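Residue numbers (PDB author numbering), protein chains in the order written: chain M, 1 to 375; chain K, 1 to 375; chain L, 1 to 375; chain Q, 228 to 284; chain P, 228 to 284.
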Amino acid sequence: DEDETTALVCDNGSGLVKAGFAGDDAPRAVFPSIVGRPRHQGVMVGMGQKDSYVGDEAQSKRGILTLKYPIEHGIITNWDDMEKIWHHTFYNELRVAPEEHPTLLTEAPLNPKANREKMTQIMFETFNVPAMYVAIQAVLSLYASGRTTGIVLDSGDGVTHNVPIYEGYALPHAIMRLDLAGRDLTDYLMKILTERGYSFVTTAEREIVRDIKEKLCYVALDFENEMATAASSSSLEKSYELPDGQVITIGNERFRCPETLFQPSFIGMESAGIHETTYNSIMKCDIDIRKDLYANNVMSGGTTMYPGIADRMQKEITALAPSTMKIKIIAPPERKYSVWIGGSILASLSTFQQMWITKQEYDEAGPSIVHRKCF
Amino acid sequence: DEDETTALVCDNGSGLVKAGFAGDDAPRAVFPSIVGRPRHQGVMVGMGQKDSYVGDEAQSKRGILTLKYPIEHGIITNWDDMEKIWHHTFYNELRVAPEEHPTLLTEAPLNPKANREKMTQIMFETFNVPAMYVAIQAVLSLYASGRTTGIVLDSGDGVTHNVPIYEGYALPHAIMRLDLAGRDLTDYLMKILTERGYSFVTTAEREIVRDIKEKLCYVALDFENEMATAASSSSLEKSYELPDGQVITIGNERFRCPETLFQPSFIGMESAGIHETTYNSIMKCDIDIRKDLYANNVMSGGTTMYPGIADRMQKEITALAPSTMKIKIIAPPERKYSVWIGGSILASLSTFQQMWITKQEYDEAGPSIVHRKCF
Amino acid sequence: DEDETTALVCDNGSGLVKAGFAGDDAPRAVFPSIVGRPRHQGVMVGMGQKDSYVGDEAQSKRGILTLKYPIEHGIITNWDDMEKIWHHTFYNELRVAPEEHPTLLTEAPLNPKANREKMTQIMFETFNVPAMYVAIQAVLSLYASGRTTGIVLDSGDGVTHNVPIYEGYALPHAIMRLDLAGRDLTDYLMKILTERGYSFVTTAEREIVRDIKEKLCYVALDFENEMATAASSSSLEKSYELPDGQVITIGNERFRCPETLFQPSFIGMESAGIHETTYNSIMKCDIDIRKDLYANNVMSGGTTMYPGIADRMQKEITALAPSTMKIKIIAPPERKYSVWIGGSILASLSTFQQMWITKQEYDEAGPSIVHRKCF
Amino acid sequence: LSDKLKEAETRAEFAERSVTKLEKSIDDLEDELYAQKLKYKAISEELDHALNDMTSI
Amino acid sequence: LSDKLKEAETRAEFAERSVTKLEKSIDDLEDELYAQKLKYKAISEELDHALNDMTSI
C-alpha cells in the first residue's frame, strides 16, 4: 500500500490510540486503548464470539464485555494486550507491516522507563520493526504547532506531564507530573451524577460517563460566576441520551467535572491545578527561558477540546504570571492530534534519519537501548 | 428414511410433546404429554383393554379414562409415564430407536436440576441412547427465529421462564420466572364458563375447555375496552361445539382467560404479568445491552398464537419503555413450534457436535454429567 | 415511655429499620422497612382491615398482603411510606412525639441528595420536628466501633458503601462504592433454591427466603474447599423449616449466597468483590494512611453477621496486603447495630449540638439546608 | 372448510386488524415522518437560515 | 364455504399484502424518519458544535 518505506507513527496512551503513516497530516485510524473480554457464559452455540476484542471491536460489543486499558497513568503494564493493539493499530487498518517500516511512539521524561523500553522492545522483538524512536509528546506538539519553545500541557487520560521545551531543548527538571487526568475527570463526574440520582459502576456505565463528559462538559472562563448561574437556573442544563432511552440532565456538574483541572482537591490530589503546574514549569526555568515559555503556553492531547479550556488557561496563567509580559496560548484545531502530527513531521525529517534506533543496534544493546538513544 | 445417525429431537411440556428428527423443520408427530388410565369397572371380557394408553391413544379412548400429565410446570415427575411416551414417540411414529441416534431433550434454565439429570439418565439407561444433550428452550426459539439477541418469553403450558440473551450469551441474573402458564389459563376458563351455566370439572370437561381456549380465545390490545363491548353485545360472542352436540356460546370469557397472562391476580398470583416480566428482564440487563433487547422482544412457545398478542406485547413493552428506544417484537409463524425447530438446528450444528454427552462419558460420570456438559 | 427530652435515632434502610432514643446503647425495636397492602378481595364484613399496614403490622398480616419497601438501594422514593414508618416508629413504638424531640436519620455520603433532602423535609414539614441531622453511616460505624480510623464496610441491604476514614477525615477519592447488597443476595438465593427444587415467588415466599438466609447462610473461610465438600456430601447440609411445615435442605447454596459478595458475577454484576474493593480503598490512600487502614477494617450493617465473613475479609486483605503490616478485622457484637449505636453517640455528643438544623433555620432556608448543615 | 374459513377469516380478520394496526402505524409514521420533517428540516434548516445571520458580523 | 373461503383467503392474502405494504411503507417512512432525524441531529449538532466553537467570536 505504501510506495516508500515511510515510518509509521502512533500516539498510544491510557486513553486512545492514533495511527497513520509518516508524511500525512492526520492519523488514518483512531482506536481506544482497549482490549475487551466477555464477562458472561455463552448460552447459544455457533455464535462466533471472540475470546478478546481489540479497540473499536471492544467498544462495539461492550454490552457484555469487561473493558481494560493495557496502559494506565501513561505506562504500559499489559504488554500482551499491547501486542494485540499494535497489530490492529498498524496492520489491520493501515495494512502496513512494521517489519518493513520504522515506528515512532510517544511519552514524556517522567514517564517510568519501562514504558519506553516495552514500546521499543515490542516493536523490535514481536513486529521486527527495522527501527524505533520514542518521542516526547511535547516535542511533537511543538513541531505540529510551528514552535520550538513552549509548555506543553497535555492533560490526557491517565496523566498530565506538563513538559517545558525551550528552543528545541527539554527542560526536564521543570516537568510537573500531575495525578489528574481525563480518567479522573470521568470518575468525578460519575460521583456528582450519583448526587443527582444517576449511578454509574460497570464498564458500560463508565464508558457512557466518558461520552457524557466529552460532549456535554465545558470549562468556561470563570467557574464561580458560571456556578452562580448554573446552580440557580435550568437555562444552563443540558440533556444527554443514555443508550437505553433514559435521559440524564446535567447542570453545574457540566463544568464541575473539568473544573477539577483547576481544583484537583476534588479527587483527593494535593494540587492547585493545571494552570499552577504550567506556571511552575515555567517558574522552575531561568528567567531568559521563562519569558518565551509564558508567551507560548501550548495545549496538546486530551481535554484540550473542552469548550473554554484554551481561554480559561490563558486567563488562569496570566493571573499567576508577572504583569507587563504577554501570556498567550497556542491552541489550533490540530489540538489533541498535534502529537500524532508532530510524530509524522519528526519521523519524516531528513535530519531525523540519523535519530532512529536501528534493529541492529537494538539487538546488540537490548531493550534498555531506548534510554541511551531517544532523549 | 433414516439411513444416518441423526439426532432425535423431543420437546416435552405439561401440555404437548413435539417430536421428530434433527434436520427436519417440524416435529413429525405430536404426543400430547399423556398417559390415560380407565376409571371404571369392566363388565364385558375379551375386549382387549390396556392398563394405560399413551399419547393420542389416551385421547382417543378418553371417554372412560382419567388423563394424567407427567410434567408439572415444565418439570418431569412421572418419569415412568415419560418413558412410555418416549417409547411410543420414537418407535411408533418417528420409526427410530434412540439406541441408534443421539437424543436432544429440553428444559427452562431454572428448571430444578433433577429434571435435566433424569432426562439424561433415562435416555442413557432405559433407551441406551449413544449420546445426550439437554437444551435451553429459550435458545431454541432464538435459533428458529433468526436471533442471537432478545428477551425470550416462553408463555407455554408449564412455566413462563423469560430469559434475556445477548450476542449468544445468557444474562441469567435478569431472568424473571413466573408461575403463570397455559394450564392456569384453562383452569380459569373452566371457572368462568361455570359462571355462564356450563360447569367443567372432570377430565373430559377439562379437555373441552382447553380446546375452546385454543380455538376461541384472544387477548386484543385493550382489555377494558374489549370487555366493555363484549359484556354489552352478542357481536363479540363466539360459539363452540361440545362433543355431545351441545353448544356453548362464550362472550368476554373469550378474552378474560388470556388476560390472566397480563393479570395473574386472576389466578391468585402476586404478579404484574408477562409484559412486565419481559420488560424487567430488559431493565435488569446492562445499560449497553438494553438498546438491543428493547428492539428484540422474542416470542417462544405457545399462547403467542392468541389474536392481538404480537401487537399487545410490543405495545406493552413500548408503554413501559422510555421514548427514543425502538421497541420491536419477533413473532414468526414458527410459533408454538419454534423450540422444536431450534432443537433440530442446534442438534445439527457442526459447532455443536462436541456438546453431546456420549454414552461412555455418561456411564463414567453418572446423571450429574448434564451440568458439566449441557448447562 | 422515655424519661428525657433527648434526640431520637432511626436507621431506616431498604431492609429493616432500627429505632430508639439518643443516649441508649441499642434501639428499642427493629421493624422491617415495610408498608403492606391487601392483595385479596374481602368477603366477610366488620373484619376491621386496614388500607395499609406498617412494620410489624405489615409482616404480621402478610399472608394476604403484598409488601413494599420505600428505599431503593439506599434511596427513598416512596416518601409517603417513609412517613408511615417514621410515624409508627416514633409515635407508637418509641412512644414519642417528634414535635418535642430532635431526630437523627442516616445515609451514605455518596447517596443521591434527594434522600437527605426528603429525610430533612418530611421530619420538619409533616412531623414538625424541632431539629434535624442526617448522619453519615460511616461516621456512626466508627463511633460504635471505638475508631476514628478505618475502612467502613456497611455491606447493607441496599448498597455497600466501603469508605476509608483517617483521623476523622474522609478520604472520598478512595471510596469504592459498590452496587452489591443483601437484597441481591436474597434474590440470588431464591434462584439457587429453585435449582434445588424449592421455588419461591411471592412476598411471603421472599420473606421466608430472607429468614432462611439470615439463619442458615455463611461465608466460610475457603469457598473452594467448602464447596468441594458441601456440594459432594450431606455432612455440610442444614435444614430449615418453612412456616407450612415443609422442610428445605440446603448444601453449598448455603454459602453461595454470601459468596456472591466476594463473587459479584453470581448476580451479573461487574465487580472485583467486597474484599478487593476494600483493598483498593486502602491502597488508593497515601502511604502514611495505608498502614492504619490495613489494621482497621471496620464492620457495620447486615451481611457482616454471616459466619466466617469477618474472617474471610481479614484473610482476603492480608493475602493482598504487604508484609510487616498487621491486617485486622473489627467485627464487634455491635454488628448490624453499629450505625444505630453510632447515631445515639453522635446525637448526644456535646461537640455535635451545634450541628443540628433547627426548625427555624429549616423554615427560613427550605429543604436544601441539609447540604449546608449535614453533608 | 368451515375451519379453514374461520382460520382464513381469522387471517382475513387478522389481516384486517393487522392492516388496521398498520393503518394506524402508517398514519403514525405518516404523521411522525411529517412532524419530524416539519419540525426538523423546518427548524434545523431554519437554524441554517439563522446561520446565514448568526454567523454574520 | 369454498367460495367464502376463497374470499376469506383472498381477502386475507390481499389484506396481508396490505399488511406488508403498510409495513414496508412504515419501515421506509422510518428509514426516512431516521434519515430525517439524523439530518436534524447532524444539523443541530453541527451548528451547536460550531456554535460552541464559535460562541466566542
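Virtual Cβ for every residue (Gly too), placed ideally from N, Cα, C.
Three-state secondary structure (DSSP) of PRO367 of chain L: helix
Based on Cα-Cα distance, which residue from L:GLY13, L:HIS275, L:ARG254 lies nearest to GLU107 of chain L? Selected option, being the one with the closest Cα: L:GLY13.
Closer than 7 Å at the beta carbon, the chain Q residues around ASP311 of chain K: Neighbours of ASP311 of chain K on chain Q, chain order: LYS248.
How many angstroms separate the CA atom of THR5 of chain M from the CA atom of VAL163 of chain K? 54 Å
With a cut-off of 8 Å on the beta carbons, I'd call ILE165 of chain L and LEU140 of chain L a contact; round off their distance for me. That pair is no contact at about 11 Å.
Cβ-based neighbour list, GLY308 of chain K, same chain, cut-off 6 Å, excluding 5 preceding and 5 following: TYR218, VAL219, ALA220, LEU221
Name, please, each residue of chain P whose Cβ falls closer than 8 Å to the Cβ of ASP275 of chain Q. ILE270, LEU274
Confirm, please, whether the CB-CB distance from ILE250 of chain K to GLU237 of chain K is below 9 Å. yes
For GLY20 of chain L, which three-state DSSP category applies? strand
Outcome for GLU99 of chain K when other beta-carbon atoms lying within 10 angstroms are tallied against a minimum of 16: exposed
Span separating the alpha-carbon of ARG37 of chain M from that of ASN111 of chain K: About 29 Å.
When you compare the CB positions of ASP81 of chain L and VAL17 of chain L, do they come within less than 9 Å of one another, or not? no
On the CB-based measure, 16 or more other CB atoms within 10 Å of its CB, does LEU189 of chain L come out buried or exposed? buried
Go ahead and pull the three-state DSSP assignment for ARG37 of chain M. strand
Please list, in chain order, all residues of the same chain as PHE124 of chain L whose beta carbon is under 7 Å from its beta carbon, the five residues on each side excluded. Once the five neighbours on either side are set aside, the close Cβ partners of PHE124 of chain L are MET132, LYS359, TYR362.
Anything in chain P within Cβ reach of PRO307 of chain M, meaning under 7 Å, just list it in chain order. In chain order: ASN279.
Simplified DSSP assignment, three categories, for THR249 of chain K: strand
Pick from K:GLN59, K:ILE71, K:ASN92, K:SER52 that is closest to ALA29 of chain K, judged by C-alpha positions: K:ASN92
Euclidean distance between Cα positions of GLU2 of chain L and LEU94 of chain L: 8 Å
Using a 10 Å radius around the Cβ and a threshold of 16 neighbouring Cβ atoms, would you call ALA331 of chain L buried or exposed? buried
Could you list which residues in chain K have their beta carbon closer than 8 Å to that of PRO38 of chain M, in chain order? Under a criterion of Cβ atoms nearer than 8 Å, the residues of chain K adjacent to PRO38 of chain M are, in order, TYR169.
Whether or not the segment 282-298 of chain L and the segment 199-211 of chain L are in contact is what I'm after, with contact meaning three or more pairs of Cβ atoms, one per stretch, closer than 8 Å; do they touch? no
Taking a cut of 9 Å between CB atoms, which residues from the segment 239-257 of chain M lie near chain L? none
With a CB to CB cut of under 6 Å and the five nearest residues on each side skipped, what residues in its chain are close to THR303 of chain M? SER155, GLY182
Excluding the 5 residues flanking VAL54 of chain M on each side, which residues of the same chain have their C-beta closer than 7 Å to its C-beta? Answer for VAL54 of chain M: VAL35, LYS84, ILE85, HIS88, listed in chain order.
Please report the distance separating the alpha-carbon of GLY23 of chain K from that of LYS233 of chain Q. Taking the straight line joining both Cα atoms gives about 33 Å.
Separation of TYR261 of chain P from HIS73 of chain L, as counted between CA atoms: 37 Å
Mapping the DSSP letters down to three states, classify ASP288 of chain K as helix, strand or coil. coil
Note down the Cα distance separating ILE282 of chain M from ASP179 of chain M, rounded to an integer number of angstroms. 19 Å
Amino acids of chain K, ordered along the chain, whose beta-carbon sits closer than 9 Å to that of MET47 of chain M: The answer, in chain order, is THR148, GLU167, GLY168, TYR169, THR351.
Give me the residue from K:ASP184, K:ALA58, K:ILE289 with the minimum Cα distance to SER265 of chain K. K:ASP184
In the DSSP assignment, find the unbroken beta strand (DSSP E) run with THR106 of chain K in it and report its ends. 103-107
Would you list, in chain order, the members of the segment 110-144 of chain L that have their beta-carbon closer than 7 Å to a beta-carbon of chain B? Of the protein chains in the structure, M, K, L, Q and P, none is chain B.
Contacts around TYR69 of chain K, its chain only, beta-carbon distance under 7 Å, and the 5 residues preceding and following it disregarded: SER14, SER33, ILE34
Given a threshold of 16 other Cβ atoms within 10 Å of its Cβ, counted over all protein chains shown, does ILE287 of chain M qualify as buried or as exposed? Answer is exposed; the Cβ neighbour count stays below 16.
Taking the alpha carbon of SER368 of chain K as the reference point, which residue from K:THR103, K:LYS113, K:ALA7 has its own alpha carbon closest? Out of K:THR103, K:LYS113, K:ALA7, K:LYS113 has the C-alpha closest to the C-alpha of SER368 of chain K.
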